[PDB]
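Below, in structure tokens: the form deposited in one PDB entry, a single chain.
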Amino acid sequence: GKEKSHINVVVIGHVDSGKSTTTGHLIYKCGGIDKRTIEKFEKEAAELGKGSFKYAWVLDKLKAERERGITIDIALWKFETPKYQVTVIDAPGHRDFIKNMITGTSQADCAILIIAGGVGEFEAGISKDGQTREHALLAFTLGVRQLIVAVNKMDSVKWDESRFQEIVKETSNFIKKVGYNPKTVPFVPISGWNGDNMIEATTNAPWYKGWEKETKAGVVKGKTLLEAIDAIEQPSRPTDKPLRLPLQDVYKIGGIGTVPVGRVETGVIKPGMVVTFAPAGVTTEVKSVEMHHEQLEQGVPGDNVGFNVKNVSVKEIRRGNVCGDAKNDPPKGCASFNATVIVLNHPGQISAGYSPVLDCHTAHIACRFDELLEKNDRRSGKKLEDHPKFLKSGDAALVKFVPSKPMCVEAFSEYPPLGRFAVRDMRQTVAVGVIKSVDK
């Protein structure tokens, strides 16, 4: 039982791709979620014959049990690989997931695109207006640079090599148009239902020599999807960057006083540091830090911590403010910020003056699109025009935003979790933004 590094993965794909069975199989065989339910159905499966059972049948029963509302575990799902503890999201088709993908915690280190191999199903999945392409575009935009492709339902096309090759070619075109370099992406032919190439290699495709990917140090090869996930590259965590801790809530506890709560996004928080809260600019000492039941010596990136501070009323700090270190690039409010905005498909056009609500870290503030500064080629960033008069679906543009209330944001290159945002309107996320400059 070796010590593991933690990574986050998001699984995307069309409704007929089988991505839920595929993700569910990995969690079943390499994790421990809802295992009492799994055990009940493994035993029940004796009724189908004399004892044998398929994991896909148990997954089907687990799904129905979840639909009834009687399973116990929460929706935070994990599984292990030789190197990693993986936190995985089988992306919901829910339209409110878009904002959660942009501003939620746990942004992905790698996306896994599941493709149906069948002829009709494959084509339906690569539509330009489909939810799958929007998910891949959002991941690319947010800096998810690693991608694995799994071509599922290979049994339905009889494990035909030509079919796999034509899907690889067509999917390489699909992902290149989003922005990914196909040479860096493993293509794995799998059967999520029968287990081929999931955890163990298939015996149904003698032509299959394995997947490969180019990396900065060389070419990495494997056979299975579990090997492709273990091969994800270890991303550098922001432990040594300056503290940033957006507040989610602020409590007044009898005998303790003020207790802000939030996730450490960058840096580390420790008792005895002197922190500052922005947009207000209040400064104070951290008295103690707690998480779950333990008192901590330090809260590191990813920890959702409570901390007690003196001489700060709950009225002067609130959700959406950002705590950082007074002696290491303290956070500050801004007068405006300029960001690259990618407009998603939606029933409208954007002109200067538009003032929807933006969700950025834990802040929810309407911000004016004060000026449309440039229109750009999305993938390369090249300026196409100065001062476009309007933006339509698909456009990438540099926009100057002015917040309607005091707001603390950051450039995405410096502090990623405080530099990406969702723009809400018409009951949906209509655009995603990446902050490029801030006037503090």
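In this text, residue numbers run from 1 along the sequence as written. Take the two forms, find the largest set of C-alpha atoms that superpose within 1.5 Å, and that set is the rigid core.
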statement: Ranked by mean Cα B-factor in the entry, 248-256 and 158-166, top stretch is 248-256
query: Do the C-alpha atoms of 291-299 or of 264-272 have the higher average B factor in the entry?
result: 291-299
Maximum C-alpha temperature factor, selected from 310, 216, 133, 183: 310
query: Looking at 119, 363, 229, 198, which has the highest CA B-factor as recorded?
result: 119
message: Test of reading the entry: by CA B factor among the chain's modelled residues, which third contains residue 429?
response: middle
query: residue 212's Cα B-factor: lowest, middle or highest third of the chain?
result: lowest
- line: Among the modelled residues of its chain, the C-alpha B-factor of residue 98 falls in the third labelled lowest
statement: For residue 177, the third of its chain by CA B-factor is the lowest
statement: For residue 113, the third of its chain by CA B-factor is the lowest
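Omitted from view is the form deposited in another entry, to which the following refers.
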- line: Shifting its Cα by 2 Å or more between the shown form and the other one with the rigid core aligned, the only one of 35, 387, 382, 392 is 35
